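Engineer:
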Amino acid sequence: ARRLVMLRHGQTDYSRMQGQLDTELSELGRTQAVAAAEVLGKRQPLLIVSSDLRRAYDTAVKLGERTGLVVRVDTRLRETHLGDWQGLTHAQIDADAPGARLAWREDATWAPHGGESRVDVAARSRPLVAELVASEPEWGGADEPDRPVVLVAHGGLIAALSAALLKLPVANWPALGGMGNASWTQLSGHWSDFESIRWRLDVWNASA
Amino acid sequence: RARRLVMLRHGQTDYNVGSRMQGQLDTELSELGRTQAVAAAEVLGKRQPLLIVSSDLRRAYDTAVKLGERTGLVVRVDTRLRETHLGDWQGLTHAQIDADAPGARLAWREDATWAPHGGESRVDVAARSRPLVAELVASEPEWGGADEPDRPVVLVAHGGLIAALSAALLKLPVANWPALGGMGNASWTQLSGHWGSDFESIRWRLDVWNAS
Numbered sequence: 003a004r005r006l007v008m009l010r011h012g013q014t015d016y020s021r022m023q024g025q026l027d028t029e030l031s032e033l034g035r036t037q038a039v040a041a042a043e044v045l046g047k048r049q050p051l052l053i054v055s056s057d058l059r060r061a062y063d064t065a066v067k068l069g070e071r072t073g074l075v076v077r078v079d080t081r082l083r084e085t086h087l088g089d090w091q092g093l094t095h096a097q098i099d100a101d102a103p104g105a106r107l108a109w110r111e112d113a114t115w116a117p118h119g120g121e122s123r124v125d126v127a128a129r130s131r132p133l134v135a136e137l138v139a140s141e142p143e144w145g146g147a148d149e150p151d152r153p154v155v156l157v158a159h160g161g162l163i164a165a166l167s168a169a170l171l172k173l174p175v176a177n178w179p180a181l182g183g184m185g186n187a188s189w190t191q192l193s194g195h196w200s201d202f203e204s205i206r207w208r209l210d211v212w213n214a215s216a
Numbered sequence: 002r003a004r005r006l007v008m009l010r011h012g013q014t015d016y017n018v019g020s021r022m023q024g025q026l027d028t029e030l031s032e033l034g035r036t037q038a039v040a041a042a043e044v045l046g047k048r049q050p051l052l053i054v055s056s057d058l059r060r061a062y063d064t065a066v067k068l069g070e071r072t073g074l075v076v077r078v079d080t081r082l083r084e085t086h087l088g089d090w091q092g093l094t095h096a097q098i099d100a101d102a103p104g105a106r107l108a109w110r111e112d113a114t115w116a117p118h119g120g121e122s123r124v125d126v127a128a129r130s131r132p133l134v135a136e137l138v139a140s141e142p143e144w145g146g147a148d149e150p151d152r153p154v155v156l157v158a159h160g161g162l163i164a165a166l167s168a169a170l171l172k173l174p175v176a177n178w179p180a181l182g183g184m185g186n187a188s189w190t191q192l193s194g195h196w199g200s201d202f203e204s205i206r207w208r209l210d211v212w213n214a215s
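These protein sequence lines are chains B and A, in that order. According to the authors' numbering, the residues represented by the first sequence are 3 to 16, 20 to 196, 200 to 216, in order. According to the authors' numbering, the residues represented by the second sequence are 2 to 196, 199 to 215, in order.
#1: Can a CB atom of chain B be found closer than 8 Å to the CB of A:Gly-24?
#2: Hey, how far is the Cα of B:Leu-52 from the Cα of A:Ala-61?
#3: Taking 8 Å as the CB-CB cut-off, is A:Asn-177 touching chain B?
#4: For a contact meaning CB atoms closer than 8 Å, what does A:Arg-208 contact in chain B?
#5: Applying the 10 Å Cβ sphere with the 16-neighbour rule, what's the burial state of A:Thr-28?
#6: For B:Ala-113, return the contacting residues in chain C, with the cut-off set at a CB-CB distance below 8 Å.
#7: Starting from A:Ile-53, follow its DSSP beta bridges and name the residues at the other end.
#8: Look at the Cβ atom of B:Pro-174, then the Cβ atom of A:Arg-208, and state whether they are nearer than 8 Å.
#9: Starting from the Cα of B:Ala-3, find the closest Cα among A:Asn-186, A:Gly-182, A:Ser-215 and give me that residue.
#10: Sort out for me which residues DSSP pairs A:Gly-24 with in a bridge.
#11: A:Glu-43 and A:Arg-21: beta carbons closer than 8 Å?
#12: What would DSSP say about A:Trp-115, mapped onto helix, strand or coil?
#13: Keeping to the same chain, check which residues put their C-beta closer than 6 Å to that of residue 197 of chain A; ignore five residues upstream and five downstream.
#14: Give the single residue among B:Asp-101, B:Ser-167, B:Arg-123 whose Cα lies nearest to the Cα of B:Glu-111.
#15: What would DSSP say about A:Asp-99, mapped onto helix, strand or coil?
#16: If we require 4 or more residues per run, which alpha helix (DSSP H) segments fall completely within the stretch 53-88 of chain B?
#17: Considering A:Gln-37, what are the terminal residues of the alpha helix (DSSP H) in which it resides?
#18: In angstroms, rounded to a whole number, what distance separates the CA positions of B:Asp-63 and B:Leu-30?
#19: Pick helix, strand or coil for B:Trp-189, following the three-state DSSP scheme.
#20: Does the structure place the stretch 73-89 of chain B close enough to the stretch 184-196 of chain B that three or more beta carbon pairs sit under 8 Å?
#21: A:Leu-173 versus chain B: which residues are under 9 Å apart at the beta carbon?
#22: So B:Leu-170 and B:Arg-129 are supposed to be a Cβ contact under 8 Å. How far apart are they, rounded?
#23: Would A:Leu-33 pass as a contact of A:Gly-12 if the rule is Cβ separation under 8 Å?
#24: Would you mind working out which of A:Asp-99, A:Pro-142, A:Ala-165 sits nearest A:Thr-114, comparing C-alpha positions?
#25: Less than 8 Å between CB atoms is the rule here; does residue 1 of chain A satisfy it with respect to chain B?
#26: Who are the Cβ neighbours of B:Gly-24 in its own chain at under 8 Å, not counting the five residues just before and after it?
#27: Hey, is A:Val-78's beta-carbon within less than 8 Å of any beta-carbon in chain B?
#28: Would you mind working out which of B:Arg-48, B:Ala-147, B:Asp-210, B:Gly-69 sits nearest residue 198 of chain B, comparing C-alpha positions?
#29: Could you check what DSSP says for A:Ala-214 in three-state terms: helix, strand or coil?
#30: Please return the same chain residues whose Cβ sits closer than 7 Å to the Cβ of B:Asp-99, not counting the five positions on each side in sequence.
#31: I'd like to know whether the C-beta atoms of B:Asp-57 and B:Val-78 end up nearer to each other than 8 Å.
#32: Whose C-beta lies closer than 6 Å to the C-beta of B:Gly-194 among residues of the same chain, with five residues either side of it excluded?
#33: Could you tell me the distance, in whole angstroms, from the CA atom of B:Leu-192 to the CA atom of B:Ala-214?
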């Protein structure tokens, strides 16, 4: 059984939608990266891959420091692009297109104009999980079986990728509530293609 | 307009759960199980729940009592929150079971409509427990109400029941119920039911699964 842990980065200064804007962790967010590093470092991560956005990457570096591991980076793990909503607050978006923000969360195929849907986000990240399965023999290996791959990413991607791996029907993707700052989720891949791997949800949105 | 529902699994029992089937056998918490109940109440009791309802199996009830003490609430009990009945498998080791019916134990986990002889499937457990949630919606007007919309209802229960009830509330297709994994000792799960006025139209989401 292969364990996959996903960590949502800590708090940024930004209420205000980011998507793929490369915003910075706040002071609090850095403090949260250190705390999460401690928590997850005890699970003895096998390997760390991070979105290249700084709020994720700076979080992942703190986990790398704690575990003495070298952080890997992949652009397919970026936050959902939020099109015309990037840079706008909820109050602005809600005044501009009333009720759309709330309806959006209930439909995984729907995107803000110019943005990606949750389905898009699962489509571009999932091959990364498949690639790690192929290339990391130790992962779920006989020697150290429960050492998890840790992905340092963003809330939207965690939910999209998790529902995709669990093979939830798209209409049920909203069953997964939003990840909090510096919170983590764990999936387990049980047995021989990648597709035949049965993923189960071990932990959703645990505070780190 | 969101109702918070927290489900707590009891702590460790003096019983080898990993190799031997418990079900509705009324096993006691171990000493560690008791310490875990105190610790879990310190976390969950920090904010005052609206209400505590417990399985009447003593490993859950004793856990719920620690929470009631911490919060100054009574503990109500309900047989509908009992652990999944495992029928002829109750008290049997995995080895006994795996020799009698090779492959059955692993196949069971992957089929929410399958039950050991004499027992209950995930679907059966959802059938007895989901209506209890509907009753609480009807009987707790403060729940998700205007005054303190965040105070949760707390069910003190069992792992299999948490997964069955949670999948039923989330309205996952039965085929997808095994996507919900295990719950640890003294771990909790939280759902939020978001707003018609009928129970079926409440849309539940998973806020937290298996936090310790």
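For every residue, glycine included, the Cβ atom is placed at its ideal position computed from N, Cα and C.
Structural biologist: To lay it out plainly:
#1: As a first step, residue 24 of chain A is located in the second sequence; it is residue number 23 there, counting from the start. For A:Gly-24, the answer is no, since every Cβ of chain B falls outside 8 Å of its Cβ.
#2: Stepping through the first sequence from its first residue, residue 52 of chain B is reached at position 47. Stepping through the second sequence from its first residue, residue 61 of chain A is reached at position 60. When rounded, the distance between both Cα atoms is 38 Å.
#3: Here residue 177 of chain A corresponds to residue number 176 of the second sequence, with the count starting at 1. Chain B, which has a Cβ nearer than 8 Å to the Cβ of A:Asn-177, makes this yes.
#4: Along the second sequence, read from residue 1 onward, the residue named residue 208 of chain A stands at position 205. Within chain B, the residues near A:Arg-208 are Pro-179, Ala-180, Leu-181, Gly-182.
#5: Counting from one through the second sequence, the residue named residue 28 of chain A turns up at place 27. Its Cβ being crowded by 16 or more others within 10 Å, A:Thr-28 is buried.
#6: Here the protein chains are B and A, and chain C is not one of them.
#7: Within the second sequence, residue 53 of chain A is the residue found at index 52, counting from 1. Paired residues: A:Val-155.
#8: Within the first sequence, the letter at position 169 stands for residue 174 of chain B. Within the second sequence, the letter at position 205 stands for residue 208 of chain A. No. Outside cutoff.
#9: Numbered from its first residue, the first sequence carries residue 3 of chain B at position 1. If we check each option's Cα against that of B:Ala-3, A:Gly-182 comes out closest.
#10: To locate residue 24 of chain A, count along the second sequence from 1; it is residue 23. In DSSP, A:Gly-24 forms no bridge with anything.
#11: Within the second sequence, residue 43 of chain A is the residue found at index 42, counting from 1. Within the second sequence, residue 21 of chain A is the residue found at index 20, counting from 1. No, they are not a contact pair.
#12: Working through the second sequence from its first residue, we reach residue 115 of chain A at position 114. Residue state, collapsed to three classes: coil.
#13: Gap in chain A between 196 and 199; residue 197 of chain A lies inside it and carries no coordinates.
#14: On the first sequence, residue 111 of chain B is found 106 positions in, with the first residue counted as 1. B:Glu-111 has its Cα closest to that of B:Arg-123, out of B:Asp-101, B:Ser-167, B:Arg-123.
#15: Along the second sequence, read from residue 1 onward, the residue named residue 99 of chain A stands at position 98. Helix at A:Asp-99.
#16: 59-72
#17: Residue numbering aside, residue 37 of chain A sits at position 36 when the second sequence is read from its first letter. That run of the alpha helix (DSSP H) goes 32-45.
#18: Along the first sequence, read from residue 1 onward, the residue named residue 63 of chain B stands at position 58. Along the first sequence, read from residue 1 onward, the residue named residue 30 of chain B stands at position 25. Those two C-alpha atoms are separated by around 8 Å.
#19: One-based indexing of the first sequence puts residue 189 of chain B at position 184. Correct three-state label for B:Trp-189: strand.
#20: no
#21: Numbered from its first residue, the second sequence carries residue 173 of chain A at position 172. Simply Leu-173, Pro-174, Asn-177, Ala-180.
#22: Position 165 of the first sequence, counting from 1, holds the residue named residue 170 of chain B. Position 124 of the first sequence, counting from 1, holds the residue named residue 129 of chain B. Contact doesn't hold; Cβ gap of about 14 Å is too wide.
#23: Start at 1 with the first residue of the second sequence, and residue 33 of chain A comes out as number 32. Start at 1 with the first residue of the second sequence, and residue 12 of chain A comes out as number 11. Yes, these two residues count as a Cβ contact at 8 Å.
#24: Locating residue 114 of chain A in the second sequence gives position 113, where the first residue counts as 1. It is A:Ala-165 whose Cα lies nearest to the Cα of A:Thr-114.
#25: With chain A covering only 2 through 215, there is no way to say anything about residue 1 of chain A.
#26: Numbered from its first residue, the first sequence carries residue 24 of chain B at position 19. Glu-84, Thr-85, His-86, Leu-87, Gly-88, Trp-90, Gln-91, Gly-120, listed in sequence order.
#27: Translated into the one-based positions of the second sequence, residue 78 of chain A becomes position 77. No, no contact with chain B.
#28: In the model shown, chain B runs from 196 to 200 with nothing in between, leaving residue 198 of chain B without coordinates.
#29: Start at 1 with the first residue of the second sequence, and residue 214 of chain A comes out as number 211. Looking at A:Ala-214 - three-state DSSP - the assignment turns out to be strand.
#30: As a working note, residue 99 of chain B is residue 94 in the first sequence. So the list reads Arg-106, once near-sequence residues are dropped.
#31: To locate residue 57 of chain B, count along the first sequence from 1; it is residue 52. To locate residue 78 of chain B, count along the first sequence from 1; it is residue 73. Going by C-beta atoms, B:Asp-57 is nearer than 8 Å to B:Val-78.
#32: Translated into positions along the first sequence, residue 194 of chain B becomes position 189. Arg-4, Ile-205, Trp-207.
#33: Locating residue 192 of chain B in the first sequence gives position 187, where the first residue counts as 1. Locating residue 214 of chain B in the first sequence gives position 206, where the first residue counts as 1. Roughly 12 Å separates the two Cα atoms.
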